[PDB]
Structure formats: C-alpha cells, structure tokens
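Scroll down for the structure; my scribbles are underneath it.
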Amino acid sequence: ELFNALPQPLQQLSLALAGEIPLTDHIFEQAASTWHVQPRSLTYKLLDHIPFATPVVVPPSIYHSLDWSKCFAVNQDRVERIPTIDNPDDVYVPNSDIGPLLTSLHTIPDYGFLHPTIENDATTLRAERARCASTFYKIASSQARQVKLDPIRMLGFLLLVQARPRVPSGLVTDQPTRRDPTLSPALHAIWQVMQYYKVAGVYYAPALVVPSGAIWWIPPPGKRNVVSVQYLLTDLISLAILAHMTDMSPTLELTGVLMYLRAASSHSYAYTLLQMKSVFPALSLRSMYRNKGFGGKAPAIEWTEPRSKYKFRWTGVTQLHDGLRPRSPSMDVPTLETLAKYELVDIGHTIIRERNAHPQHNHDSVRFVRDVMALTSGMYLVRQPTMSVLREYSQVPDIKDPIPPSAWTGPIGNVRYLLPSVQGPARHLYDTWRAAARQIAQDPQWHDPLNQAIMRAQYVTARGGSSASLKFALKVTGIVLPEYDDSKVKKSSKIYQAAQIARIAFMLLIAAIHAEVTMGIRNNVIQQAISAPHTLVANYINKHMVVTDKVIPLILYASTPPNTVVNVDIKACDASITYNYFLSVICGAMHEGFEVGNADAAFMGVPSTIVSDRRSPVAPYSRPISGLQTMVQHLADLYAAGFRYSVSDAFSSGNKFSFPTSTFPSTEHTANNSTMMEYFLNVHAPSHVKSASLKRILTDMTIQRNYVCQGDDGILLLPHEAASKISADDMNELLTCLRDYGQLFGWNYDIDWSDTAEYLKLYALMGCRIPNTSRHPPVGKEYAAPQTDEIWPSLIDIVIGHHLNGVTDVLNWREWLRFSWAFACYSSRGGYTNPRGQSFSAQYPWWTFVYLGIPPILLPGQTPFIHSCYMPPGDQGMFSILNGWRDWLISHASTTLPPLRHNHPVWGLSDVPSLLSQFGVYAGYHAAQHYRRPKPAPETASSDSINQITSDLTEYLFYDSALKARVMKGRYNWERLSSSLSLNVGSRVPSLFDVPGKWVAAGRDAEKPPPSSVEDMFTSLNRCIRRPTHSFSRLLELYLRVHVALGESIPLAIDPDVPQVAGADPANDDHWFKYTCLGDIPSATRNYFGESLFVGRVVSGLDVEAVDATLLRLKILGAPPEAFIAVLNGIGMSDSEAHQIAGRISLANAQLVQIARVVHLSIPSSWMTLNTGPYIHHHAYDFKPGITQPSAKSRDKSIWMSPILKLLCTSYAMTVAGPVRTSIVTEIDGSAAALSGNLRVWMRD
Amino acid sequence: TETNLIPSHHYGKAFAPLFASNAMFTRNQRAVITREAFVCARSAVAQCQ
Amino acid sequence: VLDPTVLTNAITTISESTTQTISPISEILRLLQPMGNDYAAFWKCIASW
C-alpha cells in the first residue's frame, strides 16, 4: 500500500495533516527534513505501490524526438530564430532530447548540465551550432522552470493527502471524497511514462530543478532524454492535483490526459497546446444549455442607475424555461473540427456526452463547467526573447480605409491638422480627442506644485519598470552630462536612477531635446515626461473608466438570460495604434485642442517655443505655440519614428538587437476603445445593417449605458428587447458589421458572442461566476528569467500566495487545505551554504503559517476541519482561534501546569502562556513578523551611511517649486509638537521624506545580496525562534480580553439553490455557506464601504492607508488641530488644502472600515469577494443588551469603539467553518472603558 | 425608472416582439376545437342513453 | 410553559442612554435573570395553596 511505503516521519505527518494527530513541532520538523534530505526521484517510487484500473495507455512515440539542430537555425546574424516546421508560430520549443550536450555534474552524477566546452564557444566564438545548442539548453531548462518548485515535490504532497482518508469532521454537510488514487488517469499516465526512466529498479527524474534552471539527467546509451516529458509530467501533475481538489470524475479527467499525450507526441509540446487552448472552454463553458428542457434558477440582478456608479443590486430569483435559452449556436461544430485534426475527436465526443447530461442550470451542471475548464494546460510557455519580439511586437496592422493624404492641412512644424471635410470614424476620433485636449489646456489642476510632484512620481514607477539601458550613452547626442556616484553606487539604471541622472532642470531641460535616440529599452523617464499631455488627455477620455465590486458584480449581471451579451475583445490593441492612422489623428487633435490655453504658457518645465506654421499656402508665418503643444511636436517626432527596443535576451547567448516598432508594452489603447464604439452604435451600424429590426434596436442604445470599456476588453450588453433576439437576422448581422467596422482602420475586433460573459478573464455563466483554475495553476508559476531568485524565506510568501489564490477560487477546501498544509511544511526547512565557510539553516515552526493566513487542521482540543479557509490573517485570525478554545486551554492548563502567582486578566490563575509556549504558539507568532528578504547591506563609501548623494538628490527631482518648504514645514512643526507636548510617536508620521528613501529601498534591492547579509538573516531568524518573546503582541494581548460568542445563522442573502459561484455546492461545506448566508454583489451602504480615503491624491511614495489611519489615529486621541496640519504638510499638501482635510476627519461620518484600520484590523483579501458590508452593521453586535454584560458597555467612546468590536466579532464568525452567524460581544475581561483607555495608550505608540 | 422615459415609446419598444405572429391566434384555434369536441362528446354520450 | 425570553425581550428593547453611570435596565436584569430551578417556586406556591 502507499501509506506503509512512506518514510517514518512522513507517515506520521500524513496522519497528522489528515487530522488524526494535531501536528506538533516535532511532527512538523521531522517531516520537513525528510523531504530535503532524501533524493527527489524517490517519491516517484510511490506510484509503483498503488494499483491502477484506468484505461489510459501512453504511446511509445512520446520518447521519439526530432533533433534540435534542424529546429534551431541562426537565420539572421546573431539571432537564434527557430526555423518553424510548418508555421510562423511554431517556435515555443522543439521536442528534441538533450542527449549529447550534457556533461555529468560531479556532485549529482548522471545529471548533466550544459556542456562546459559548448558554453565557451557561444560566449567567445559563435558556433551557429555552438550557440544554437546553448539557446536550446537555456530554453528547455527554462520551460522546465515555469513551476513553483520541483513538480516532483508537488506530486509528493498529493500522495500525502491521498495517503489516508480524511477524518470525518462531524458536520452534517460534510461529504467524504469520491476520488480514488487507484482510479485516476492523471497519475496513472505519470507512472506509465515513468517506466521509461528506469535504470535497474530505480527511477531517475528527467529534470531535477535548480534555482539557476533545470538539471537534465544523462541517459545511458540507447535511451533519449526528450525535453517534452518533463513538461508532460508538469501538466500531468497539475492535472492530478486539480482533479483531487475538484472531485473531477474519472471519465472526464481521462479525456484531459489524452489531450496531453497527443501534444507530447507531435513535434512541439508547447506549440500543440497553444493551438488547442480554447478547445476546452468551448466544448463546455461556451456551449452549455443549448438542448431543450433547459430550466433551473438564476439570479435577477438590476442595473440601478446605469450611466454611472455601476451599482448592481441582487434583487431576486428567476425561474428559467425553454425560452430565454442561449440563442448563440454551440461550439461543437467549430472546435471539434479544430480538435479533429490532432486525432482526439473521441475526447470531444466524451465531453459532449457529459454535457448533454446537464440539461438545466443546477449545482451539478455548473460544477461540470469548472471541471472541463480545469483541463486546459495552465503551464506557461517560454519562447526565445529574440524570437518572441519578431512574432509579437512587429505586426503592422492592415487598414482597409486609410486617410487620404489630401485630407490633412499643411504642416505646422511637425504635426498636421485634419480637414473639416473628412467625416468617418477618423473624424469622431479627432473630435473626441481635440475636445478633450481643449479641456485639459484650460484647467487649474496641473499648475499646483503638489500635482507636479504627483506627476513626477508616476514616471519613476513605484511598481514595475524595466531594464532601461542608461542615458549618457544616449546623451552623447546631447551635451548634458549626467550624475555619477559620490560614493559606491549600487542601483543600476533604475527608473529612479534615470530621474537621479538628470534632475537639474525639473527632471528635464529644453536643452534635453535628445529624448528621441533610444527609447523603450526592454527585452525612459524623459520620454514618459514628454508623454505628459498624451496620458493627461487619455485620463479625461477615461473619466467613466475594483474587480470585486465593478467586475464581479457585472460579469454576473451580463450573464443572466434576460439580456444577451456580446463581449468584445480586441486582439493586439498594442499593435494597432500606429502613426499611419491612429496616433496621427491623436497628436493632430491634441495640438489643435491645446490652443485654447494661453499660447505662451509653459507646461511642466517645457517652455513655449515658436513653430513654422505653413498650413496656409499664401501666408506661412512663425507662430508661438504653448508649452503643451511643444510636447506634441516632440511626440509626433517620436511616435512617427516608432519605438526603439534594445532587446538583449539572456536565454539566447549572443542575441543583442536594436528593434524599431510601433507598439508600447499606456492607457490610450484603453482610451480609444470607448470612442470607437461610440461611433459604431450611433453612426456606423445604423447606417447599414440591412435589417429593419436590427436598426431599431441600435437607435435606443448609447455607449455610456450598454457598453463597459476597460483595457482592450469590453462587454456590449444590448437594450431590453433582449432574449427575444433573432440570431440569424440580428445578432449575427450585427457582428459581421462590427468585425468589418474594425477592419477598416486596423482594429482586428475579435467577437465571440455566447450567453456567458468574459470580462478581463473572469468568466460567468448564467449569473454564476466560474473560476478558471488553469488561470493560476497549483504547480505552475512563471519566472521569465534564466536564473531565478529564491534565497530561502521567499518560498513562504509563495505558499500563502498559493493557498489564498486558490481559495478565491471555489476549490474544495478539505482536499486543498491539507495540500496547502503539506506544501507549507516543506517550505519550513531551508538552508544557505557559504562559499568559503559553514553552511546554515533555519526551521520555521508551525503557527508561523497560522499567523500568515493558513487555518489549522486540528488543534489539540477540537475536531478537525472546523476552522474555515476564510480565516483572516494575522491578529484578526490569531484572536479568532484563541477565542475559539479559550474555554479549553484554561481547563486544560488548570489540570496540568501549575498556576501562576499573579493574574493575567484575559485568563485567570490558570497559566496558559506557558502552555502556549509548549505548543509552539509564540515561536510561530514571532517568526512570521521577522523579515524574510535579505536587507541590502548597509555599506556606503563614506559618512557611516550619511551624505549619500544618490538618495539625497532623488529628492531634487521631487522638490521643484518650493514644495520643498512644505515638507520642511511639516517635519519641523510635527517634531516641535509631538516629541515634547503629547501624542509622542517616536517614529515618523508618513511624510514626504520617506519616499526618496523608499525609491532607494526599492532601488538598492539588488540581486545576490552578498553572503554577509543573508547569513545575517539566517542568524537573526534563528534567534527569534529559540527565544520568541513569551509575551504576545500589544494588540493581540488587548484583543483577547473580548469574549465573542456567536448565535444562530443570519437570514440568508440568496435562495441557496441558485448557483452563484462555480461549485460552492454542498460538496463544499463552508464555501456554500459563506456565499449564500452572505451574498455576492458586494455593494452595500455608504456609511460602511463607500470608497472615501479622505486625501485621495497621494504622492505615490506613501501608502494611502497609512495617512488615512494616522489622520484618524490622532482624532481618537486628544489631538490639537495643529497636529493635523503638521502631518498633512508633511505629505506636501498646502496649508489651505490641509485645513479643509483637518476639519473633515471626524469619527462621525467616517467609514467603519477606516476606523478598524486605525488598529490594523483590515478586511482581508479572503472575503473581499463577499458582501460583508451589511453583515457588520446589521448583525455582529458590539452590545446586545441582554446577552452581553453591562461591564462591556463602551459608553461615550462607542463611536470609534464599536467598529473595532464589530470586526473582532466578524473575524471570529468567518473563521469557524459553518454558516455565518450573528456574533455578539459577550463580555470583556476588564470593562470597555478600561480597554478603550488601553488602546489610547497604544495609539500614542 | 429611466430619466427621460416616454412610456408609450417604452412599451412599443417592448411589446413589439410579442405580436410578431400567431401567438395570440393559437388560443382561438384551440377554443373552437374545444367547443366542437365538447358538443360531439355531449351528443354522443346522450344519444347512447 | 413559563419561558423567560418573554419578560427579557420586553425589557431589553427599552432604549436608555449608555452614558449614565447607574443603568436602570442592567439592575433588574441582574435582579431576576440569574435563574435557579427554572422558576419552580411559583409551582410550590400554587401547590401549597
């Protein structure tokens, strides 16, 4: 059997994780070091223990391999472009073996790496062959790197979860699992593949994974190590996991496997999958319910006031019928024919046979749609960077109606105006952009110095950026010499550094007109600042424009079978904006709108030059243009020469380039979406659609209503003459007049109408959101780099991003929670070996994952699986566990450990901090608060870290216009106030002196932190484990006074048999409860949620919720009005603008969540997709005057006190794993005015 | 409701695809047969007594 | 069946200010509600008559 085949430590853990033994730190530690010590290939032996009955037979043609030498030609001078076999797009990877080009690594024999000799040739002398070999090894060991860890390890956790059956929890609606590991086609095809890699009884994995990349095993003579098998195992593992967290039927699962075995067998594994990526949502999600007899329940959502403030409201239940079926035809004819060419038709007829057995909209039907959509291979697809640029970036759009050259005026310097005669879609684009440019040019908003410092903060990216080259190898065109390091400089050309390099003349200088030399360097801060009036106008078109309340509510309303919905996705909206049509009308219109401004007004540091103006043939005359028009003359000299790309990929060896194209990797190809559809519904489609009925429908349709634009995506929802839509006459003739409308100016519209709704990759069928589990797979994670970046505790943040991202999805939790726990444990045994010294290690105890968000399986006093996966992370969850069993550990430590002599007011004389320290709670509490990334070493050239000149002069870019005085008035008037009078913080309130330090902390975050720093991380980590402070935190020790007891479940928010979310059916215990007790559509009252944050305009270096808390955190205390203006001057706001905020910030009319933010009680990301708005302020009492005690009566202080107490209640109410229920503060240990005073001691810090 | 809602326009927009064909005139054809078959059941029963 | 969630539910919904020190709802709720023998004294009195 599988269970008695495992190692002693693992058998105990599998038992422990399953629920039989609450796991202790000894169970956790021995199971952690059992993984890292034993060889990784040994967990493939466990496949040989389970018997198998699935009829999946792998072909012997998997291991055949067309060699890489035919499929990796250096067509250009140093470009390893793969010569496609049969296509332009067959370039993902070749299904070759790396048999010859491997030399055995001496540490792990029979596991080789790139040949030492071959690598040298590529670096020194190109070997059309000696570099084509190197670009094949660094792709196949990078395509086998798109994975969270070793996938052989991720399979090893699934055998732990399937080692034992789960202990029955005791809940009524707890279904034991139906999945049998002896009946699974995924991990039977793994073992059938793994027979080929067998040298005398032992298994060799074909590619052990190292943070530099994969290490491929060297086959003995006669066998081939084909690179596709490692990806064929990475998908088959990811199917073996997604069919044990989904309860996928064995027959349905079998079809998915045959999809993979055909793909490994053909020439390219990666390529085959891509051509059949949409072959599985089309069979099921797109085509559900077309048979007669359709009819279940579906929600009845309303659009309240449609024009703006999309505020959908869940109002009722519809009863479906044979009418309002999906009018669109099924995808069986089209996808199956496409499917037919790869010889899997039989896997198409199986899924069609299953789908015809779900005729009506049930829980079982919409669970089936998630089962088929979890069959698409969610692995990422690495392609050579040089090769990728050729096939993606450079595709010039085809225009079926160009602007004639006699439709422009004469030139005015560089740009041209459009003539008034030429109507069409070009005229509406010109008129909607010129009218918006003549609103921006007459505006007081962008002349304020704080708005300038915000705009300079958007250019140096606080998040993102790319590998820009430099500036002074591009300023040899100019005369301006750039700044150099005063002291040793660490940051290399960081977007921030570019600002640092030239900050002498407001981050730009009309002496710096050499911004057009080498742009967009990616595999510029002065081109982002030349493009100021291009995204200033695009942020006026995008006035009407989050996912949780502006998309999730929508997708649902659009999917209901009243209104039929066309979803419009534009393919390559980047590569459709060209200067031949789109970007010349834009720069033409902005230069026309920018004349209603004062024609001598400089903008953003660019003066007001003159221009030729030759647009009249009888009188050309020099004309002074404005400052904003001067940027347009340099935008038109930049957009017309395209964008340079200095792509130099590290995958291919010598591949360096200089690439010009017309694609930008900001919000304009978002902004052009609405105005080009506004012309469709009003002018173009009523002009010709050849249908009397069709024309009638369009006339009553606008674009503010009936269209929701975002990015390149968008949903077009028709007027209410809806379900009654003739698909032959109306909805297909509306589509061909749409798809030919976009082709007359290059926009390749890709319409795919069906009665689901796709909106930025969140599908929903019939009022029920369907999560795509292959969008973020369990084993898969992109990296997009040769060498990765994994020190050691950067695996823990992956695990919490692996667990919580699977629970936004309605993945079954019990199979999932156990899997997450097993995976979490592996991520607790780490190490670091010095290059010239001793090796090191660390051991995170469990309870360091309970503090991070993973709920525990079995505490020592309970029954397993009663802590829900919606438990909030941190102190809200550490309270909501300790509030659960405080009646247990007090009774247990009264009959074990001796009583303490003094009294802890939360407990009694029963001594539980010496019991909590025995269970390892404090060692888990102080471990996760300890930092995880290695600190950049504190090394400078001079002044003991002071007088740094790259940090002190990034402030010069942020201090233009005597704003510098306001942040100096802020840090003076606050330090005069706080450190001597009262409210003495000791640390800085979030002022503007932190963010030039924050650009360096996000800039000096260099790779390879030296061995001096990561050893210092390992030593500091080991001290906070061995001597974790016995005392808890200062917030948690005050939260534990509250005794929260919860009553019977609250009146429901959804008739709990309409299925709202992809399988949160009674197979799932709590996910069906928390999605029907609470509702979806998370729009609530304006006294709870309504997105205030009473500052709004942050400087982008500051957290918005750090200002919003500390503006409230003073108002809780006895703050003088001076302490509000001194903090708000620290952000840089003017004294007049700070005063209007200093009077506003009252607890009366303050969002309930904001008050909770003061003491760091946040609504977490786990239930952001839930309607916890009315739950907190209706139910979850802070005082129910008959159950509660009069001792816990927050009297006068209740305005700010109640929010905290209502969020401690709902933290306990979502942590337990049943229906949500009314949670009452029973009593507080010590009175509530003796706790409200206790928080105000902490709120002075 | 909508802001500028002209309701006789809104109903003519809405009630147009319900009078598109013989939806109403199937109940009339069903009613005549349920009258002839009712007398022919009343006649044929009361003639055999 | 003397169920004491009828007396309690009538007193608990009178509204009083929480800023007063002595609270005249919490006094009488302390007076009767701790319960001994589910109020069986009443039966003894009736039994005795």
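Letters for chains follow the order of the structure tokens (A, B, ...), residue numbers begin at 1 for each chain, and ligand numbers begin at 1 in the order shown.
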Give me, as an NGL selection string, all polymer residues having an atom no more than 7 Å from range 989-997 of chain A, counting only C-alpha atoms and skipping those fewer than 5 positions away in the same chain.
:A and (951 or 954-955 or 967 or 1101-1102 or 1106-1107 or 1127 or 1130-1132)
Would you mind exporting C-alpha atoms of the selected residues as a CSV table (one decimal), in the first residue's frame?
chain,number,residue,atom,x,y,z
A,951,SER,CA,19.4,59.2,-2.3
A,954,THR,CA,16.4,62.0,-6.0
A,955,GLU,CA,14.6,64.4,-3.6
A,967,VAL,CA,7.7,69.1,3.8
A,1101,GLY,CA,5.7,57.0,-2.3
A,1102,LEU,CA,3.2,57.0,0.6
A,1106,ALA,CA,-1.0,55.0,6.3
A,1107,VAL,CA,-2.1,58.6,6.1
A,1127,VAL,CA,1.2,65.8,9.4
A,1130,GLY,CA,4.4,66.5,5.7
A,1131,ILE,CA,2.7,64.9,2.7
A,1132,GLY,CA,3.2,68.1,0.9
Please check the contacts: residues of chain B at most 12 Å away from chain A, using only C-alpha atoms, listed as a PyMOL selection string.
chain B and resi 1-3+5+9-18+20
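What separates CA of residue 748 in chain A from CA of residue 687 in chain A is a distance of 20.6 Å.
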Within 8 Å of range 89-95 of chain A, counting only C-alpha atoms, which residues qualify if same-chain residues fewer than 5 places away don't, as a ChimeraX atom specification?
/A:65-68,71,82-84,139-140,226-228,264,267-271,381-384,387,391
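Every chain C residue lying within 10 Å of chain A, based on only C-alpha atoms, is listed here: residues 8, 9, 11, 12, 13, 14, 15, 17, 18, 19, 20, 21, 23, 25, 26, 27, 29, 30 and 33 of chain C.
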Please dump the current selection as a PDB file, in the first residue's frame; keep N, CA and C atoms.
ATOM      1  N   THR C   8     -37.700  39.023  29.315  1.00  0.00           N
ATOM      2  CA  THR C   8     -36.398  39.583  28.970  1.00  0.00           C
ATOM      3  C   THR C   8     -36.461  40.362  27.665  1.00  0.00           C
ATOM      4  N   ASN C   9     -37.228  39.864  26.695  1.00  0.00           N
ATOM      5  CA  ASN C   9     -37.264  40.503  25.383  1.00  0.00           C
ATOM      6  C   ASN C   9     -38.065  41.800  25.401  1.00  0.00           C
ATOM      7  N   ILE C  11     -37.880  43.965  28.186  1.00  0.00           N
ATOM      8  CA  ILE C  11     -37.065  44.932  28.912  1.00  0.00           C
ATOM      9  C   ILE C  11     -35.841  45.317  28.093  1.00  0.00           C
ATOM     10  N   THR C  12     -35.336  44.392  27.277  1.00  0.00           N
ATOM     11  CA  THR C  12     -34.079  44.636  26.579  1.00  0.00           C
ATOM     12  C   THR C  12     -34.251  45.598  25.410  1.00  0.00           C
ATOM     13  N   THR C  13     -35.491  45.878  25.012  1.00  0.00           N
ATOM     14  CA  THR C  13     -35.704  46.777  23.890  1.00  0.00           C
ATOM     15  C   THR C  13     -36.232  48.135  24.315  1.00  0.00           C
ATOM     16  N   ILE C  14     -36.260  48.428  25.615  1.00  0.00           N
ATOM     17  CA  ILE C  14     -36.401  49.809  26.036  1.00  0.00           C
ATOM     18  C   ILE C  14     -35.055  50.483  25.827  1.00  0.00           C
ATOM     19  N   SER C  15     -35.082  51.697  25.299  1.00  0.00           N
ATOM     20  CA  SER C  15     -33.862  52.402  24.949  1.00  0.00           C
ATOM     21  C   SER C  15     -33.466  53.327  26.086  1.00  0.00           C
ATOM     22  N   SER C  17     -29.879  55.689  27.612  1.00  0.00           N
ATOM     23  CA  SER C  17     -28.568  56.195  27.242  1.00  0.00           C
ATOM     24  C   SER C  17     -27.484  55.404  27.959  1.00  0.00           C
ATOM     25  N   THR C  18     -26.410  55.096  27.239  1.00  0.00           N
ATOM     26  CA  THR C  18     -25.300  54.372  27.834  1.00  0.00           C
ATOM     27  C   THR C  18     -24.348  55.274  28.597  1.00  0.00           C
ATOM     28  N   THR C  19     -24.564  56.586  28.580  1.00  0.00           N
ATOM     29  CA  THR C  19     -23.615  57.483  29.225  1.00  0.00           C
ATOM     30  C   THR C  19     -23.928  57.652  30.702  1.00  0.00           C
ATOM     31  N   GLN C  20     -25.081  57.168  31.143  1.00  0.00           N
ATOM     32  CA  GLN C  20     -25.402  57.214  32.559  1.00  0.00           C
ATOM     33  C   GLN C  20     -24.621  56.144  33.301  1.00  0.00           C
ATOM     34  N   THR C  21     -24.188  56.471  34.518  1.00  0.00           N
ATOM     35  CA  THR C  21     -23.432  55.513  35.311  1.00  0.00           C
ATOM     36  C   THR C  21     -24.321  54.377  35.790  1.00  0.00           C
ATOM     37  N   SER C  23     -27.416  52.283  35.462  1.00  0.00           N
ATOM     38  CA  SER C  23     -28.255  51.953  34.323  1.00  0.00           C
ATOM     39  C   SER C  23     -29.446  51.134  34.776  1.00  0.00           C
ATOM     40  N   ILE C  25     -31.706  49.434  33.443  1.00  0.00           N
ATOM     41  CA  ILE C  25     -32.069  48.182  32.783  1.00  0.00           C
ATOM     42  C   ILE C  25     -31.214  47.050  33.326  1.00  0.00           C
ATOM     43  N   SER C  26     -29.927  47.329  33.536  1.00  0.00           N
ATOM     44  CA  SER C  26     -28.995  46.293  33.957  1.00  0.00           C
ATOM     45  C   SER C  26     -29.199  45.899  35.413  1.00  0.00           C
ATOM     46  N   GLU C  27     -29.901  46.726  36.190  1.00  0.00           N
ATOM     47  CA  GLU C  27     -30.163  46.372  37.581  1.00  0.00           C
ATOM     48  C   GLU C  27     -31.205  45.271  37.674  1.00  0.00           C
ATOM     49  N   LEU C  29     -32.253  43.363  35.279  1.00  0.00           N
ATOM     50  CA  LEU C  29     -31.761  42.191  34.563  1.00  0.00           C
ATOM     51  C   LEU C  29     -30.788  41.393  35.422  1.00  0.00           C
ATOM     52  N   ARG C  30     -30.157  42.047  36.395  1.00  0.00           N
ATOM     53  CA  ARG C  30     -29.373  41.327  37.389  1.00  0.00           C
ATOM     54  C   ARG C  30     -30.276  40.757  38.475  1.00  0.00           C
ATOM     55  N   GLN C  33     -32.909  37.527  36.509  1.00  0.00           N
ATOM     56  CA  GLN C  33     -32.472  36.576  35.489  1.00  0.00           C
ATOM     57  C   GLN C  33     -31.456  35.528  35.958  1.00  0.00           C
TER      58      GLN C  33
END
Using Å and a single decimal, report how far CA of residue 298 in chain A sits from CA of residue 321 in chain A.
10.9 Å
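Between CA of residue 894 in chain A and CA of residue 1230 in chain A the separation is 21.4 Å.
Note that DSSP on the backbone gives alpha helix (DSSP H) to these residues of chain C: residues 8, 9, 10, 11, 26, 27, 28, 29, 30, 31, 41, 42, 43, 44, 45, 46, 47 and 48 of chain C.
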As a compact mmCIF listing (two decimals) with N, CA and C atoms, in the first residue's frame, please: every residue in range 260-381 of chain A that DSSP puts in strand (DSSP E or B).
# COMPACT_ATOMS: atom_id res chain seq x y z
N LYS A 297 -32.65 27.78 -11.79
CA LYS A 297 -32.75 29.10 -11.19
C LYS A 297 -31.51 29.91 -11.54
N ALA A 298 -31.69 31.23 -11.60
CA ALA A 298 -30.65 32.15 -11.97
C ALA A 298 -30.97 33.47 -11.29
N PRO A 299 -29.97 34.22 -10.83
CA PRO A 299 -30.26 35.44 -10.07
C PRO A 299 -30.82 36.53 -10.97
N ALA A 300 -31.56 37.44 -10.37
CA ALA A 300 -32.17 38.55 -11.10
C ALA A 300 -31.55 39.85 -10.63
N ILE A 301 -30.47 40.25 -11.27
CA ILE A 301 -29.71 41.42 -10.88
C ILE A 301 -30.21 42.61 -11.67
N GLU A 302 -30.20 43.77 -11.03
CA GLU A 302 -30.67 45.00 -11.65
C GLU A 302 -29.52 45.97 -11.84
N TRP A 303 -29.62 46.76 -12.89
CA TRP A 303 -28.80 47.95 -13.06
C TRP A 303 -29.61 49.10 -12.50
N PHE A 312 -24.69 47.36 -9.22
CA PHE A 312 -25.62 46.27 -9.38
C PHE A 312 -26.16 45.86 -8.02
N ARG A 313 -27.39 45.41 -8.00
CA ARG A 313 -28.09 45.03 -6.78
C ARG A 313 -28.78 43.69 -6.98
N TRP A 314 -28.46 42.72 -6.13
CA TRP A 314 -29.09 41.41 -6.16
C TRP A 314 -30.52 41.55 -5.66
N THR A 315 -31.50 41.27 -6.52
CA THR A 315 -32.89 41.54 -6.18
C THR A 315 -33.79 40.32 -6.16
N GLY A 316 -33.50 39.29 -6.93
CA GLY A 316 -34.46 38.20 -6.95
C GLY A 316 -33.95 36.98 -7.69
N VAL A 317 -34.85 36.01 -7.83
CA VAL A 317 -34.56 34.75 -8.48
C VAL A 317 -35.49 34.62 -9.68
N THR A 318 -34.92 34.33 -10.84
CA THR A 318 -35.75 33.99 -11.98
C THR A 318 -35.90 32.48 -12.08
N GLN A 319 -37.04 32.05 -12.60
CA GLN A 319 -37.25 30.65 -12.94
C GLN A 319 -37.12 30.53 -14.45
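Checking A:1007, A:443, A:121, A:1080 one by one against residue 789 in chain A, counting only C-alpha atoms, you find the shortest gap at A:1007.
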Determine, counting only C-alpha atoms, which protein, DNA and RNA residues have an atom within 6 Å of an atom of residue 110 in chain A; residues of the same chain fewer than 4 positions away are not included. Present the result as a ChimeraX atom specification.
/A:104,217-218
Mind dumping the selected residues with N, CA and C atoms as a PDB file, in the first residue's frame?
ATOM      1  N   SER A 104      28.200  15.315 -17.089  1.00  0.00           N
ATOM      2  CA  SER A 104      27.681  14.940 -15.782  1.00  0.00           C
ATOM      3  C   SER A 104      28.250  15.816 -14.679  1.00  0.00           C
ATOM      4  N   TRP A 217      19.058  14.796 -16.647  1.00  0.00           N
ATOM      5  CA  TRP A 217      19.756  13.545 -16.417  1.00  0.00           C
ATOM      6  C   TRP A 217      20.360  13.063 -17.725  1.00  0.00           C
ATOM      7  N   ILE A 218      21.518  12.424 -17.630  1.00  0.00           N
ATOM      8  CA  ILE A 218      22.179  11.889 -18.810  1.00  0.00           C
ATOM      9  C   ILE A 218      21.704  10.459 -18.994  1.00  0.00           C
TER      10      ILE A 218
END
Identify, on the basis of only C-alpha atoms, every residue whose closest approach to residue 641 in chain A does not exceed 9 Å; exclude the query and any residue fewer than 2 positions from it along the same chain; express the result as a PyMOL selection string.
chain A and resi 516+579+636-639+643-644+660-662
Please produce an output containing N, CA and C atoms for each residue in the selection, written as a tab-separated table (two decimals), in the first residue's frame.
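What ended up in again17.tsv:
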chain	number	residue	atom	x	y	z
A	516	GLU	N	14.85	61.42	-28.26
A	516	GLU	CA	14.46	60.58	-29.38
A	516	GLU	C	15.64	59.82	-29.95
A	579	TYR	N	1.10	55.38	-36.30
A	579	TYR	CA	1.06	56.77	-36.73
A	579	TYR	C	0.50	56.90	-38.14
A	636	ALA	N	5.13	63.78	-31.84
A	636	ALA	CA	4.95	63.42	-33.24
A	636	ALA	C	6.28	63.11	-33.90
A	637	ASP	N	7.37	63.63	-33.35
A	637	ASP	CA	8.68	63.23	-33.83
A	637	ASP	C	9.16	61.95	-33.17
A	638	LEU	N	8.40	61.43	-32.21
A	638	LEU	CA	8.76	60.19	-31.55
A	638	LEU	C	7.83	59.06	-31.97
A	639	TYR	N	6.54	59.35	-32.09
A	639	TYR	CA	5.58	58.33	-32.50
A	639	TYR	C	5.75	57.95	-33.96
A	643	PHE	N	9.20	53.03	-31.85
A	643	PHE	CA	9.85	52.87	-30.56
A	643	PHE	C	11.04	51.94	-30.70
A	644	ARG	N	12.22	52.43	-30.33
A	644	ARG	CA	13.41	51.60	-30.30
A	644	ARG	C	13.25	50.53	-29.22
A	660	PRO	N	13.11	48.56	-33.98
A	660	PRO	CA	12.07	49.60	-34.02
A	660	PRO	C	10.71	49.04	-34.38
A	661	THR	N	9.70	49.48	-33.63
A	661	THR	CA	8.32	49.12	-33.91
A	661	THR	C	7.41	50.19	-33.34
A	662	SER	N	6.11	49.98	-33.53
A	662	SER	CA	5.09	50.95	-33.15
A	662	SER	C	4.18	50.44	-32.03
Determine, counting only C-alpha atoms, which protein, DNA and RNA residues have an atom within 9 Å of an atom of residue 74 in chain A; residues of the same chain fewer than 4 positions away are not included. Present the result as a list in words.
residues 78, 79, 80, 81, 82, 83, 128, 129, 131 and 132 of chain A
Within 9 Å of residue 133 in chain A using only C-alpha atoms, minus same-chain residues under 4 positions, as an NGL selection string
:A and (68-69 or 72 or 101 or 114 or 118-119 or 122 or 127-129 or 137-138)
